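# Chains, contacts and geometry: an overview
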Amino acid sequence: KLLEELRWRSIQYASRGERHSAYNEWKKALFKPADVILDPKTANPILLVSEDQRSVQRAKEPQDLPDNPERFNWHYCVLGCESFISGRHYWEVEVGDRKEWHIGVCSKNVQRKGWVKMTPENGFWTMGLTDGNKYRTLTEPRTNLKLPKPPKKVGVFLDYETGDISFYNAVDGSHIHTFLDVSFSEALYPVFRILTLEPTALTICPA
Ligand SMILES: [Mg+2]
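Residues numbered from 1 in each chain as written, not as in the entry; some residues may be left out. Heavy atoms only, no water.

### Observations regarding the pairing of strand β13 (residues 188-193)
Among the 6 residues in β13, 6 count as buried, and that is most of the element. Where burial is concerned, the two faces of β13 agree: the one with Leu 188, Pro 190 and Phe 192 and the one with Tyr 189, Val 191 and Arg 193 are both buried. Relative to β13, strand β4 (residues 77-79) runs antiparallel, the two sharing 3 bridges. Opposite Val 78, over in β13, you have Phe 192 as the bridge partner. (Buried < 20%, exposed > 50% of the residue type's maximum accessible area, 1.4 Å probe, protein only. Helix = DSSP H or I, 4+ residues; strand = E, 2+ residues; numbered from the N terminus. Pairing = 2+ DSSP bridges.)

Shown next as structure tokens:
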């Protein structure tokens, strides 16, 4: 129940204006910083992974790449290089002023060729933004989120043993959403999805 605890901590510390400083303290104390690198071999050919492997953008047209087994050939998705089968981990993602993006984790054994809906039942635990101002969790059905402010930077937190995945506004420390009590039985990868063509990339913050 640690990520449940911290959700409630963030309300408690809001009453004293210490929600940001609390966030920075507990994330460092409790969660190992995943130093997340994007795996170019997994990226849909319409996506571009930066040379430093921290940023992803969309191309106008697909690139000519091999259809190797690890590559998403339909979903506009890319994975981090390493997966987690235990412990507590976190990473922060700069979403900036992008009007569309989805992030979170997925199972190692998600279907990478063709389409299935991105939902927990298919091994995706993600949330994000669409159409400039619609924040949603990619549940079945989709759940609308009401956020007091648009986040520019998002913290993703995995507690594998307890089965919790949390999302925080990493600038002000406010809770966005938690998937509670999931029964993981597979390795989990960080996952990132971009549909739109926009000037701003999606960028992982280094550990
Ligand atoms: Mg497609």
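### Details of the side chain of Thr 137
By the element assignment, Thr 137 lies in strand β8 (residues 134-137). Aside from chain neighbours lying at most four places away, what touches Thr 137 is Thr 126, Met 127, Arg 142, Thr 143, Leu 145, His 177 and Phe 179. (Contact = heavy atoms within 4.5 Å.)

### So, unusual backbone geometry
Look at the link from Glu 140 to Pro 141: it is a cis peptide, with omega at -5°. Structurally, the position occupied by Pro 141 is in the loop between β8 and β9 (143-144). Look at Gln 53: it is not a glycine, yet its phi comes out positive at around 60°. On the secondary structure map, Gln 53 appears in the loop between β2 (47-49) and β3 (55-58). Here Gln 53 falls in the partly exposed class, since its relative accessible area comes to 26%. One non-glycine residue, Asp 181, lies in positive phi territory at about 60°. Of note, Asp 181 is situated in the loop between β12 (175-179) and β13. On the basis of relative accessibility, which here comes to 66%, the residue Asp 181 falls in the exposed class.

### What about the environment of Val 36?
By the secondary structure assignment, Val 36 is in the loop between β1 (32-33) and β2. A C-alpha to C-alpha distance of 24 Å links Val 36 and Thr 139, two positions 103 residues apart in sequence. Residue contacts for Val 36: discarding those within four places in its chain leaves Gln 53, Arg 54, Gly 80, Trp 91, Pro 190, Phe 192 and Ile 204.

### Description of the nonpolar core
In terms of nonpolar packing, the biggest core is built from 35 residues, with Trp 91, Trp 101, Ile 103, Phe 167, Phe 192 and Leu 202 touching the most fellow members. Contributing elements (two or more residues each) for this core: β5 (88-94), β6 (101-107), β7 (124-130), β10 (153-159), β11 (164-169), β12, β13 and β14 (202-204). Leave out the neighbours within four places in its chain, and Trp 91 touches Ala 34, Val 36, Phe 84, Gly 104, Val 105, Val 154, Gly 155, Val 156, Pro 190 and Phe 192. (Core = buried A, V, L, I, M, F, W, Y, C linked by side-chain atoms within 4.5 Å.)

### Focus on helix α1 (residues 2-14)
A turn of α-helix holds 3.6 residues, and therefore any two residues three or four places apart point the same way. Its 13 residues place the ends of α1 18 Å apart at the C-alpha level, agreeing with the 18 Å of an ideal helix rising 1.5 Å per residue. The set of residues buried in α1 consists of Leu 2, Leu 3, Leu 6, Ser 10 and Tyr 13. In a view along the axis of α1, the buried residues occupy a sector of 95°, so they form one face of it. At its buried positions, α1 is contacted by α2 (19-30), β5, β10, β11 and β12. (Expected span 1.5 Å × (residues − 1). Arc of directions from axis to C-beta.)

### Describing the pattern of salt bridges
Taken as a whole, this structure holds 9 salt bridges when the rule is applied. Linking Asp 67 and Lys 113 is a salt bridge whose minimum nitrogen-to-oxygen distance equals 2.8 Å. In this pair, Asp 67 is assigned in the loop between β3 and β4 and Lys 113 in the loop between β6 and β7, connecting sequence segments 46 residues apart. Note that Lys 134 and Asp 131 form a salt bridge whose closest N and O atoms lie 3.9 Å from each other. One network of salt bridges, with partners in common, ties together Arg 98, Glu 100 and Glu 198. (Salt bridge = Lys/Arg side-chain N within 4 Å of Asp/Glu carboxyl O.)

From the geometry alone we can't say anything about function, so treat these as descriptive.
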